[PDB]
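> structure, please.
(chains A and B)
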Amino acid sequence: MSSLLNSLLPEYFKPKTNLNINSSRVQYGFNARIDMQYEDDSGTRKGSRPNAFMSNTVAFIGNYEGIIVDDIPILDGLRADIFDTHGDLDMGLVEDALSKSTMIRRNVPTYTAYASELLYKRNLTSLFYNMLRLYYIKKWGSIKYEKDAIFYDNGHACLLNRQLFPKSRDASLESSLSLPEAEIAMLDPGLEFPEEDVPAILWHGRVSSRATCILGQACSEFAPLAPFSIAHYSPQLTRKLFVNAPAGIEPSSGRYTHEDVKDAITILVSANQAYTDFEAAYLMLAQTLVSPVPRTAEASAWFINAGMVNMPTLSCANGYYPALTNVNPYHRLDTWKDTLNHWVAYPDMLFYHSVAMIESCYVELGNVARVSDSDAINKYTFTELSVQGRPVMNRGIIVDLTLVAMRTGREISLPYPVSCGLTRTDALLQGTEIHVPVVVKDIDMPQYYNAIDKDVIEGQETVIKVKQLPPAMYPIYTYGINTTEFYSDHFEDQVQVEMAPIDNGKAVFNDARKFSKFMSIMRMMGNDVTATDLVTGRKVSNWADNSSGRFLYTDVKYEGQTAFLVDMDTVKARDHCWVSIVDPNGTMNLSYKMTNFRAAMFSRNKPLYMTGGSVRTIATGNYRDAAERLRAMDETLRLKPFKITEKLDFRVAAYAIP
Amino acid sequence: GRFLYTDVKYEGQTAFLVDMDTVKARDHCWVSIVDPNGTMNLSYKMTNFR
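Residues are numbered from 1 along each chain as shown, chains lettered A, B, ... in the order given. Dropping the coordinates below:
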């Protein structure tokens, strides 16, 4: 769904057609200008940060596994006459439709019996999913995965790719997969009984020598060596695949270019009228394509256990009964060919749509994790209250699109309630502390991180405990579309806090909200302050994340209640503007303004520049030549948003109906 | 049988950690706090005097 994911990008940013990705890691952000103004009891001070880079990091590494499941049928592309006055498939009219379009009327009773059983299981989403993955393996087939490389690196702790991904070796993306080929047989017209558990698809003219090899490899098993996002393990779709081609198919060549895969997809969709089936596969890949690099070491807990990708079962009966597919197809929405027309024009735009989607999900799960398990809307019952359709199960895409609705605060709508794709909320839905394996870089590691072994040596491999899941990403593209108090991602804001009395060289902050505001100010001024949690006896630091220049309360790494002892004597000066002061006095007022946003992308510690021309808009209106909006709002999936209502605690988040 | 704030025997900053799984029943004619969850609300009423 192009028009949906295209809306998530910020109004100032309009990306160009091509993007030459040449690495397994891409930073994306913006260069903003901050105009700070400070006032306290001592006096006033005015400064200005001329260039500030706020960015996340996203990679092409994510452990996933495929399962074949049975899902709903997509009834789009079938002729409009077989459907009655309502949006329902009548078997009374299928008998009539097949009868009028043949001379041999002996086969009508047999044809109707088989058609009735097959039409209620038609889904080509799994075939297009694999065909799309083959396109990007050939295009970006020079990305290197080194086993003894770094995953996260702060200075105290470190995670290697040996950990998080065991049973892996060093390989390029083209060298990862060695796909076998399934038998692409020809369906001779005259066969009366459709062979069971084998799909048949239509084709335009002669099946090319290259087109055979693509369809053969798309249906086969995926068995990777290196952990890659677009080369994840998938079960075998089918053994055989019939093709009702008037001209006979040619034998498989063995080799194909990425350009040849586009020609295979464009023909397969046009012949079968499977435009809505492609839209499902497009959204399903947008989830998987890229995975987040964690903000802090604790945010690696999300990516330990392998998330399951629900691939629908491959079934189709267009090859057997080509009478059912004619020139007047049935569609629910009039904008039902937009997603394919967008991809075929601008293939590399999927990267930006993928980054936009996975950001929105992992940002909002930062809030859902902090919700107490004694309210109406909680981690267990947030999807069920949101959805207003009838899917098979609240899994895959339904979970992800619910989180996008909660982020943007708008009603998202799909034509069919499809439940296919990655489920992320697995690490969240379990009342157990997660054991992230880490490497010790400095001797003073146990003071900061909640480590098992309290005495360590540089080189030792230990384990750290994570109870509450912290935010994996900060808002960048979705910055200021709706501002929560937790992130505090405002354009303009006036922070007011009262400074605690400095007894010896230490200031006690008993309250939780005041402590968050204090360290948030001192960070924007650019003062590396270090405080001691009195309950646990572990040191917290506002400079936890360098990439995103902000302080979240989850950097304390202790759910519950505590009091902090801030060290006011050892306040280091890392980055100093003219605003920056060391000695606060009385009531601290900081008023900042953010202006002059401009998007910038970094890859392999150099600037990554966009190539090609400017993207012209392709989009169809609500009506072509349709008079009355026959609402048909019974079967269509609808996802209602939730607004965060702030309360006194500040540690707990709460959702309400707007 | 009351607690005045001068029983702390020190004037400083206020950060009192109370662990509510080490509460022990001492006297007779007592209400039990076995395992609390959520917001607590304590209250009393003195009615007659002799």
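> what residues does chain A put near chain B?
Taking Cβ under 8 Å from any Cβ of the partner chain as the test, the list of chain A residues beside chain B reads A:374, A:503, A:508, A:510, A:534, A:535, A:563. Placement of C-beta: from N, CA and C, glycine included.
> of these, just the buried ones, PyMOL syntax please.
In PyMOL, selecting the buried portion of these, with burial taken from 16 or more other Cβ atoms under 10 Å in any protein chain shown, looks like this:
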select buried, chain A and resi 508+510+563
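> which two among the residues of chain A next to chain B are spaced furthest apart?
Using Cβ to Cβ, the pair of those lying farthest apart is A:374 and A:503, separated by 38.8 Å.
> quick check: the residue of the stretch 51-200 of chain A found nearest chain B vs residue A:570, distance?
Nearest residue of the stretch 51-200 of chain A to chain B: residue A:156, at 27.2 Å (Cβ to the nearest Cβ). Summarising the geometry, the distance separating residue A:156 from residue A:570, computed by Cβ to Cβ, to the nearest Å, is 17 Å.
> of the two, who's got more company?
Regarding residue A:156 and residue A:570, a neighbour count based on other Cβ atoms under 10 Å in any protein chain shown identifies residue A:156 as having more, with 18 against 10.
> what's near enough to touch the more buried one?
Each residue near residue A:156 by Cβ atoms under 8 Å, 6 or more residues apart in numbering or on different chains is listed here: A:441, A:442, A:444, A:445, A:448, A:449.
> mind running it again at 7 Å?
With contacts defined as Cβ atoms under 7 Å, 6 or more residues apart in numbering or on different chains, the neighbours of residue A:156 are A:441, A:442, A:445, A:448, A:449.
> let me see the contact set for the first one.
Taking Cβ under 7 Å, 6+ apart, we find residue A:441 in contact with A:155, A:156, A:157, A:158, A:458.
> could you grab the helix/strand/coil label for the last one?
Following DSSP: H, G, I helix; E, B strand; the rest coil, residue A:458 is assigned to coil.
> got it, and residue A:281?
Look at residue A:281: counting by three-state DSSP, its state is helix.
> that one reaches residue A:123, doesn't it?
No: in this structure, residue A:281 sits apart from residue A:123 without contact. The criterion is Cβ atoms under 7 Å, and the distance is 10.2 Å.
> how many other residues sit next to the residue of the stretch 151-300 of chain A found nearest chain B?
Of all residues in the stretch 151-300 of chain A, the one sitting closest to chain B is residue A:298 (23.8 Å; Cβ to the nearest Cβ). Using other Cβ under 10 Å, residue A:298 is surrounded by 27 other residues.
> just give me how far the biggest helix by length in chain A sits from the chain centre.
What stands out as the longest helix in chain A, according to DSSP state H, is helix A:350-368. Chain-centre distance of helix A:350-368: 5 Å, with Cα atoms, centre = their mean, to the nearest Å.
> got the CA positions of it in PDB?
This file holds the C-alpha atoms of helix A:350-368, laid out as PDB (Å, rounded to 0.1, in the frame of the first residue of the first chain):
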ATOM      1  CA  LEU A 350      10.700   0.500  -1.000                       C
ATOM      2  CA  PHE A 351      13.800   1.200   1.200                       C
ATOM      3  CA  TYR A 352      12.300   4.500   2.500                       C
ATOM      4  CA  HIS A 353       8.800   3.000   3.000                       C
ATOM      5  CA  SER A 354      10.400   0.100   5.000                       C
ATOM      6  CA  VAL A 355      12.500   2.500   7.300                       C
ATOM      7  CA  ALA A 356       9.300   4.600   7.800                       C
ATOM      8  CA  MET A 357       7.200   1.500   8.900                       C
ATOM      9  CA  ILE A 358       9.800  -0.300  11.300                       C
ATOM     10  CA  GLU A 359      10.500   3.100  13.000                       C
ATOM     11  CA  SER A 360       6.800   3.700  13.700                       C
ATOM     12  CA  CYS A 361       6.400   0.200  15.200                       C
ATOM     13  CA  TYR A 362       9.500   0.100  17.400                       C
ATOM     14  CA  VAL A 363       8.900   3.800  18.700                       C
ATOM     15  CA  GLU A 364       5.200   3.000  19.800                       C
ATOM     16  CA  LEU A 365       6.300  -0.400  21.400                       C
ATOM     17  CA  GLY A 366       8.500   1.900  23.700                       C
ATOM     18  CA  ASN A 367       5.200   3.200  25.200                       C
ATOM     19  CA  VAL A 368       3.200  -0.100  25.100                       C
END
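> buried residues in the helix or strand following that helix?
Moving toward the C-terminus from helix A:350-368, the next helix or strand (DSSP states H and E) is helix A:383-386. If you call a residue buried by 16+ other Cβ under 10 Å, then helix A:383-386 has these buried ones: A:383, A:386.
> quick one: list the elements packing against the helix or strand just after helix A:383-386.
Of the helices and strands lying after helix A:383-386 in sequence (DSSP H and E), the nearest is helix A:397-408. Contact partners of helix A:397-408 among helices and strands, from 3 or more Cβ pairs under 7 Å, 6 or more residues apart in numbering or on different chains; DSSP states H and E: helix A:275-288, helix A:350-368, helix A:383-386, strand A:412-414, strand A:637-639.
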